[PDB]
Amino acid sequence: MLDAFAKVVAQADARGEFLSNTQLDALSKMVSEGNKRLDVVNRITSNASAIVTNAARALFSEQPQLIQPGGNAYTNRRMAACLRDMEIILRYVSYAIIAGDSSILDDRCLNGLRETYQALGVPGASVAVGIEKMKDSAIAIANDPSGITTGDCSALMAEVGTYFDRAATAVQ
């Protein structure tokens, strides 16, 4: 996989070029936003169980057929596999945030996930609902004004949002 710095380097190498000053400036700015990026990852990680559990609870009350006998989340084995899927997506989303690039998601999420689910009979559209619930809670927690130096993280929040959206698109 690649992070935002490596992505620029690989592109330049293919052309046999040294990076330009504007490319260097762009990388300096990403370094400046560094502390903010770490706060987001730390906040999401520190509240991971809550984010997953509440999203799961909300999904199951909205779609009760998922847990009735014969439903895809019925039996503890399937429920645990379901909770694990949500934790995995959240984990990969946090990796994408620290890397500043979606590639980390691609080489996994693109491991035919929508094909895998179809073959197993996992309702991809329901997983997408779970990801959307995780997205809203993760952004609220990460963007909480309390107990942090106040400043603007709007650019980061949009970036975070795009990673959840990318995951939700891939599962269906």
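In case it trips you up, residue 1 is the first one in the sequence shown, and so on.
The question of which stretch, 24-32 or 123-131, has the higher mean Cα B factor is settled in favour of 24-32. Here the stretch with the larger average CA B-factor, out of 36-44 and 137-145, is 137-145. The PDB entry assigns the greatest CA B-factor among 76, 72, 94, 102 to 102. Looking at the C-alpha B-factors along this chain, the one for residue 109 belongs to the highest third.
When the modelled residues of the chain are ordered by their C-alpha B factor, residue 118 lands in the highest third.
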